[PDB]
Amino acid sequence: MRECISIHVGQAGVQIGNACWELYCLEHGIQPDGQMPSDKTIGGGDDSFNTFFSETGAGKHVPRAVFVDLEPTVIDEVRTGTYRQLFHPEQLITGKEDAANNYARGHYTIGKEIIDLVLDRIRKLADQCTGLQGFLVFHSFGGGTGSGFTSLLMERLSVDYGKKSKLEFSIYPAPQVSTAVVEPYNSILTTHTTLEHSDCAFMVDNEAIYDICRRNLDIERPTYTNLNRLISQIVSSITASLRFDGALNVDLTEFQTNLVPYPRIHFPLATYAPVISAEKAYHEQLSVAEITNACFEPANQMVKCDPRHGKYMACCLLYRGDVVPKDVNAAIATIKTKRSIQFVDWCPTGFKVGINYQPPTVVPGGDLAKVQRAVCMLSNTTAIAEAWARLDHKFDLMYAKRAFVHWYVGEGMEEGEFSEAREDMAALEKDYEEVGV
Amino acid sequence: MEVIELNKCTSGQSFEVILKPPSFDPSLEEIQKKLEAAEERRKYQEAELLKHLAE
Amino acid sequence: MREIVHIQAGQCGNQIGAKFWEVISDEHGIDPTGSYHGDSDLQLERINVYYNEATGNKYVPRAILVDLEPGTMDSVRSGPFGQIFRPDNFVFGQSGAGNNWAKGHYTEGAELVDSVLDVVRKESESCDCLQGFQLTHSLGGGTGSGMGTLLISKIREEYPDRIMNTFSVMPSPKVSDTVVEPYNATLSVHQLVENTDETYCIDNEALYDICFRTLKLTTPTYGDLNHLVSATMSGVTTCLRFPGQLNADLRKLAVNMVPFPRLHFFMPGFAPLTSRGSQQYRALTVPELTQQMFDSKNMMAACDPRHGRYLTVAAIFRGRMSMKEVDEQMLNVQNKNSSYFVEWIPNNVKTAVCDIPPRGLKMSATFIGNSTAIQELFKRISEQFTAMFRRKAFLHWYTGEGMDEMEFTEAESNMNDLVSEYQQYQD
Amino acid sequence: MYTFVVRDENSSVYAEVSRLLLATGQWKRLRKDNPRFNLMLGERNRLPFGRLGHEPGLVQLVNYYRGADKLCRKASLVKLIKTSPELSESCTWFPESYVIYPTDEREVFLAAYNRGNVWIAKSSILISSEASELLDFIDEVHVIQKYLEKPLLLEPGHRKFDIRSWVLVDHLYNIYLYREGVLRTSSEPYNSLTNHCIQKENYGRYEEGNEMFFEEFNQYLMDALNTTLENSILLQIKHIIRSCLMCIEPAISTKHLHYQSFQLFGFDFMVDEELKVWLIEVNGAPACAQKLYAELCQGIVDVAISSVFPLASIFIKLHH
Ligand SMILES: Nc1nc2c(ncn2[C@@H]2O[C@H](COP(=O)(O)OP(=O)(O)OP(=O)(O)O)[C@@H](O)[C@H]2O)c(=O)[nH]1
Ligand SMILES: Nc1ncnc2c1ncn2[C@@H]1O[C@H](COP(=O)(O)OP(=O)(O)CP(=O)(O)O)[C@@H](O)[C@H]1O
Ligand SMILES: Nc1nc2c(ncn2[C@@H]2O[C@H](COP(=O)(O)OP(=O)(O)O)[C@@H](O)[C@H]2O)c(=O)[nH]1
Ligand SMILES: CCNc1nc2c(c(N3CC(=O)Nc4cc(OC)ccc43)n1)CCC2
Ligand SMILES: [Ca+2]
Ligand SMILES: [Mg+2]
Ligand SMILES: [Mg+2]
Ligand SMILES: [Mg+2]
């Protein structure tokens, strides 16, 4: 057993971290006070769920997590919420004033004051690990803290944990729910500085989650609670192999091995199905073929794009529920004949499949209905570069006039980092188009 | 399609399907240096403001 | 946490400042004695932004009252909410400024400015984490214009990393006290260009036109003008005072509204436009709120927004309404008038909704626009300045206080540079 | 109102479409790079499909199908027909073609040459009986195709021609064939290229602008060959258009996409001696005939644009 430490940065990372650990506890039978009756080894053990939970002598199961925000409002709700007993105070870290949607303020000005404290608290969790394998980092692209401080943390983690893997769950900015106009700046700045320090990053576009909540959950104006509960389900599907018995994606290294043959191209596309409204009185349950076919519809992807006009480098299928291999293969055989699935020439055309018999757990009182089978597809397709093209274009529009640049230069950042970061994204888009065409 | 590396446990099973074969960091010093270089650019700009206000 | 220190200087600054504290104390449930008697706890969640909590659970405004003569401040202490203010925070001289920027900035005001900073320091040292300052003042007089900008310069010297925000009332010959108001306003505008992060341009020309043309008030009083000011000030501070999805502060407002440091002068708007006393029996639909909120007749700065382009826009909707209908109507305004929004700032319109409506209105909307059309305001003042300055008329009031003509020439050029900088991004 | 942007200044078809939209009074034109549009008349090269459908509160439509270039380039059309089972290597209405680089199929073409041996070589032109002759011209990507040595010849004149058909595919992937085609004739008697530009280099001895329309051509088929245009030619044309577009529909359809697409195509057909129709190429950005610009462009607004953005039949729907 090898432990994984989760790190949640900024408002988006903290609130999504709240949804994930709430869902983790329900899936493993962990009550809000940390007790887990089904765990017959009191005080320790090397079970698969111990990857995410340590154990005290009194039988409390404590998440291997640290929450950090430069302003206390969001984490204070963790300190007083339903799962307040779950975390000890040392893993909840708050500053006094935030980064004001400014990357340079979170990376340089404020981040320099708090980075050593955060690493010291991360070191406390790592000391409890007999074989730490790496970190899962949750943050947004658009926030000053989620962008600026995360890139500084990722730099120091490579220094202090050189042989450790680091995975991201990143929230791609969408204007429909964002309240900052400079999020293209922060996204490009944080992607450039973090690119060499992240082994695998799962981008989640708020635009896609917002439209999935409107379309399939019949929620007219989805809130962050709506989005994060859905995001937590997809994240749980991705991390289930680290927390349950199995043979696929059993350590963080296997994520890069199975999904990322090119280091810079480490942004797999996540697709999820089925998303069924809990208010739906009468629902006919979907088959293995129908949910597998839904993995190739853009309306179910975490990032809206057209994989038909790209190329696959890897593809995983993560099923939860009543699923047997012969029905997956029958579904893949039909989908291969009807859909445009083109792999790169230097890759085998195939699917790595993982099935967990336990159906997805849904939070009681939530929007998601219980289903008998669900699937999350992780596909490294060059079509995800469409999101880089959108973001870099918005960057180019503002930066051509140097609009808002003075806020970043005023925090000690040099203007050259803007174009240095933009040029790295230009190379990234070129890399995708070389592989995809 | 070839089904390979089938592993079964009580919680589920995993395998791999192949349709077709293929068709063919900065040190701690450097981090601390850039962080302090940005701080001095801040302290310089603050010094110019206080000089401007003194005038 | 996120405390704001309020300062009101001069006659106008104290009259609109007193009305501001009257209105928001009613919205938060604070009575004239500082005791809370409300019904919802949303009134208290962010009450610390503007109020200190004293013994006995009294709520005392974090406000400082400044003037060079006692007249207006004695009437404030006599006013309806005059007893809610900390008596130590009344800082006043005896000589007055005589509508003379030089007296407020260099002679009479310098004697008193250190006493004001002592009260500022006392309030700031009690703040858990000070955001910055908001100042209410006029630009046409002597105290709020001259001493107010001297205060801003010294506050920035002592708190260089804090946000400075002002509600600045622009003079207008339609509502004019003296002929030297263009002199005082031009001198003050340069100070605001250098030493504030955000300035709400509150134009007495627009306030008069709204009262006369829209509200059909034949003889508008300062009470009629301040009814529009207090409704606007309540709206623009809604997201600072009440919890919501946004939870905004002064710094995040400046970062997202100001793409270039000197262009931080905002056009405020409000809907529905109401006269004092007259009641609103039917509430506005969300389409009606959105249409009026962007209408030039609702702007508190006498500028035609169709003569320029919107750099950034912030909108606040207050009341029980469909948030989906707000998004559709706001997206409709941008999608059907896209040429008036600069294309090099994507998605430059942000909207917030607050369930708590202001007093006497079931639904309201407040507009905060950073438009290049604000140059028409500084142009109007520049023309009135030049008309007198080309003959050095009325300068002896200022040279008698030690000022030289060169300082007027510099202030004139500084504001013209500001005008051409706004013209730069309008093309 | 509705808003649209124009990003192809050289398009004669959509320059007229813009006119008709403005004359409606319910369409407003924006600057090229304004993202707040309902309709994009996009550029022909590197159209940014990845930036469409991401504007909140705007249904967005574009006049091009992403991925339709596979059908509209000489090299990729041959590969599409050879490798698609719907069209297959036994396709009876596409001439024997081989892709040749200056995978490649030189050896397969030579096995066809050694096994009338007149071929044509073209790209995005040389007619020779010897493979090395036209091949050395290539190296001096091209496609080598069997030249139809026995074409249908109009009389009087003993003249060769090709048939241009305009096809509109809307956002619902309805296939509309414009009822008016045109024959682009040669004014020189055939001697064992019908491009309009080449003919302006006789020209219009027989018809105005070397263009014979369907009413005259049908009347000729009745007087000369005792048949009609519908029976002898149009059934095959409608079958070929249907087969080509139904083949690539799964690859280019925008049915469940965040943006929508339509596109106007120009199919070029050749009719041989026995009234057998051969597809020559598909043009993805075709122009129209001057007489037909008004009717067709108005039909584009009605069928492809106003169907998505309604306001306050000249097509034959090819069903599938
Ligand atoms: N899905 C999701 N997105 C969020 C959430 N909270 C914020 N965001 C997104 O994150 C972006 C803003 O970043 P934040 O995380 O809120 O800001 P921050 O990281 O705390 O950084 P600062 O507040 O500027 O110091 C916006 O685009 C939001 O849409 C959330 O709870 N769920
Ligand atoms: N296999 C073939 N057999 C006989 N003639 C052929 C032929 N292929 C092409 N041609 C002749 O060559 C002429 C031009 O060829 P082609 O159609 O490929 O060029 P092009 O792309 O300029 C026409 P457009 O662009 O308008 O579709 C055709 O009009 C036809 O008369
Ligand atoms: N809107 C408004 N403007 C005022 C008020 N009182 C004064 N003014 C304006 O302020 C200018 C005079 O400055 P004033 O504040 O009275 O002098 P000060 O005491 O030295 O600051 C003139 O342009 C007046 O029109 C008021 O109550 N409301
Ligand atoms: C006095 C501060 N009250 C405030 N009220 C509102 C907004 C706002 N802010 C701050 C922010 O956090 N985002 C933001 C983005 C933006 O983009 C152009 C414009 C303005 C803001 N502040 C937006 C809606 C109402
Ligand atoms: Ca145990
Ligand atoms: Mg934050
Ligand atoms: Mg006065
Ligand atoms: Mg062609």
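Per chain, numbering begins at 1; letters A, B, ... match sequence-line order. Heavy atoms only: backbone and side chains are in, while hydrogens, waters and symmetry mates are out.
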> Given the rule in the side chain to side chain donor-acceptor pair (under 3.5 Å) test, do C/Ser172 and C/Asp203 qualify, once you have shown the distances and angles that lead to the verdict?
CA-CA 7 Å; C/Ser172 168; C/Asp203 191 359; 5.2 Å; no
> With a 6.0 Å cut-off on ring centres, are C/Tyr340 and C/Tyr310 close enough?
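Aromatic pair excluded; centres sit 6.0 Å or further apart.
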> Side chains of A/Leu189 and A/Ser147: does their closest heavy-atom pair fall under 4.5 Å?
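The answer is no, as the side chains (C-beta and beyond) never meet within the 4.5 Å cut-off.
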> Report yes if the side chains of C/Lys297 and C/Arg213 come closer than 4.5 Å at any heavy-atom pair, otherwise no.
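When only atoms from C-beta onward are counted, C/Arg213 and C/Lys297 do not touch, as no gap falls below 4.5 Å.
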> Between C/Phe265 and C/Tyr422 (judged by ring centroids, cut-off 6.0 Å), do the two rings come close enough to count as a pair?
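Centroid distance C/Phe265-C/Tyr422: not below 6.0 Å, so no.
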> Using 0.5 Å steps for rounding, measure from the CG atom of C/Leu240 to the NZ atom of C/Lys252.
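It is 12.5 Å, given to the nearest 0.5 Å.
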> For the CG atom of A/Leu397 and the CG atom of A/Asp392, what is their distance to the nearest 0.5 Å?
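Between atom CG of A/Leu397 and atom CG of A/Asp392 there are 11.0 Å.
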> Report yes if some heavy atom in the side chain of C/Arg251 is under 4.5 Å from a heavy atom in the side chain of C/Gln131; otherwise report no.
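C/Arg251 vs C/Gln131: side chains apart.
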> Do A/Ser187 and A/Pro173 make a side-chain contact, defined as non-hydrogen atoms from C-beta onward lying under 4.5 Å apart?
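A side-chain contact exists here, since the closest heavy-atom pair is under 4.5 Å.
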> State which residue, out of C/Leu253, C/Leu250, C/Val255, fulfils the side-chain contact (heavy atoms from CB on, under 4.5 Å) condition with C/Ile163.
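By the side-chain contact (heavy atoms from CB on, under 4.5 Å) criterion, C/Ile163 pairs with just one of C/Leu253, C/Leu250, C/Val255: C/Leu250.
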> What is the minimum heavy-atom distance between A/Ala174 and A/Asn206, and which atoms define it?
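Minimum heavy-atom separation between A/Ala174 and A/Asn206: CB-CB, 3.7 Å.
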> Before we go on, tell me: are the rings of C/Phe270 and C/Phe367 under 6.0 Å apart, centre to centre?
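Between C/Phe367 and C/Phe270, which both carry aromatic rings, the centre distance is not below 6.0 Å.
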> Measure from the ring center of D/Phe37 to the ring center of D/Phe4 and say whether it is less than 6.0 Å.
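Between D/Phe37 and D/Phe4, the centre distance exceeds or equals 6.0 Å.
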> Are the side chains of A/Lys394 and C/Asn347 in contact, using a 4.5 Å heavy-atom criterion?
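The answer is yes, as the side chains (C-beta and beyond) meet within the 4.5 Å cut-off.
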> Does C/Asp304 come within less than 4.0 Å of C/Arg306, counting only side-chain N to carboxylate O?
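No, no charged N to carboxylate O under 4.0 Å.
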> Taking C-beta and beyond as the side chain, do A/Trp407 and A/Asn101 meet within less than 4.5 Å on heavy atoms?
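Of all side-chain heavy-atom pairs linking A/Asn101 with A/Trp407, none is under 4.5 Å.
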> I'd like to know whether C/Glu181 forms a side chain to side chain donor-acceptor pair (under 3.5 Å) with C/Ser176, so could you lay out the CA-CA distance, the side-chain angles of the two residues, the decisive distance to 0.1 Å, and finally the verdict.
CA-CA 8 Å; C/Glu181 285 166 355; C/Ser176 186; 3.0 Å; yes
> Taking the six-membered ring for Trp, is the centroid-to-centroid distance between A/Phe404 and A/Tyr185 below 6.0 Å?
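Not under 6.0 Å, so no.
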> Please determine, by modelled atom types, if C/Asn256 and C/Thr312 share a side-chain donor-acceptor pair under 3.5 angstrom.
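There is no such pair between these side chains.
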> Calculate, to the nearest 0.5 Å, the distance between atoms CG and CD belonging to D/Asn34 and C/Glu343 respectively.
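So the CG of D/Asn34 and the CD of C/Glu343 are separated by 7.5 Å.
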> Determine the minimum heavy-atom distance between C/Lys379 and C/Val419, stating which atoms define it.
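Smallest interatomic distance, heavy atoms only, reads CE-CG1, 3.9 Å.
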> Can you tell me how far OG1 of C/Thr186 sits from CE of C/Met415, rounded to the nearest 0.5 angstrom?
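With rounding to 0.5 Å, CE (C/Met415) is 3.5 Å from OG1 (C/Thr186).
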> For C/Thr372 and C/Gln426, which I'm curious about, is there any donor-acceptor pair between the side chains at under 3.5 Å?
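Judged by distance alone, the side chains do pair up.
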> Any donor-acceptor pair under 3.5 Å linking the side-chain atoms of C/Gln134 with those of C/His6?
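Side chains of C/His6 and C/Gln134: pair found under 3.5 Å.
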> Which word best sums up how the rings of D/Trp27 and D/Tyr2 line up, parallel for under 30°, tilted for 30 to 60°, or perpendicular for over 60°?
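Tilted, since the angle between the ring planes falls between 30° and 60°.
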> Side chains of B/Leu49 and C/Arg156: does their closest heavy-atom pair fall under 4.5 Å?
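They are in contact (side-chain heavy atoms under 4.5 Å apart), so the answer is yes.
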> Report yes if the side chains of C/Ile345 and A/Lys401 come closer than 4.5 Å at any heavy-atom pair, otherwise no.
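A side-chain contact under 4.5 Å is absent here.
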> Out of curiosity, C/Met330 CE to C/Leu289 CG, how far, rounded to the nearest 0.5 Å?
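That separation rounds to 11.0 Å.
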> Under 6.0 Å from the ring centre and within 45 degrees of the ring axis: does the NZ or CZ of A/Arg402 meet both conditions for the six-membered ring of A/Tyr399?
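Yes, A/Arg402 and A/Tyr399 form such a contact.
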> Can a side-chain donor-acceptor contact be found between C/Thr221 and C/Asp224 if the only test is distance below 3.5 angstrom?
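Yes.
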> Please say whether more than 12 non-hydrogen atoms of neighbouring residues, nucleotides or ligands are located less than 6.0 Å from CZ in C/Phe212.
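Atom CZ in C/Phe212 is not packed in, count stays at 12 or less.
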> Taking atom types as modelled, is there a side-chain donor on C/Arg318 or C/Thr238 under 3.5 Å from an acceptor on the other?
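Indeed, the side chains of C/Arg318 and C/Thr238 share at least one donor-acceptor pair under 3.5 Å.
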> Please test C/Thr274 against C/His227 for side chain to side chain donor-acceptor pair (under 3.5 Å), starting from the C-alpha separation and ending with a verdict.
CA-CA 9 Å; C/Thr274 71; C/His227 171 67; 3.1 Å; yes
> Under a 3.5 Å cutoff, is there a donor and acceptor pairing between the side chains of C/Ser138 and C/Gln11?
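The answer is no; no qualifying pair exists.
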> Are C/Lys174 and C/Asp209 within salt-bridge range, i.e. N to O under 4.0 Å?
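Looking at C/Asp209 together with C/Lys174, the answer is yes, because their closest N to O distance falls below 4.0 Å.
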> Do C/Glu412 and C/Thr386 get their side chains close enough for a donor-acceptor pair, meaning under 3.5 Å?
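Distance-only check passes for C/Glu412 and C/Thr386.
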> Can you give me the closest heavy-atom contact between D/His54 and D/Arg51, atom names plus distance?
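What the structure gives for the nearest pair is CD2-C, 4.0 Å.
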> Determine the interplanar angle of the C/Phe389 and C/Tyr183 rings, folded into 0 to 90°, and report it as parallel if under 30°, tilted if 30 to 60°, perpendicular if over 60°.
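Rings of C/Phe389 and C/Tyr183: perpendicular, over 60°.
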> Which residue, C/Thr196, C/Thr166, C/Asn165, forms the side chain to side chain donor-acceptor pair (under 3.5 Å) with C/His264?
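The side chain to side chain donor-acceptor pair (under 3.5 Å) with C/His264 is passed solely by C/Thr196 among C/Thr196, C/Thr166, C/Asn165.
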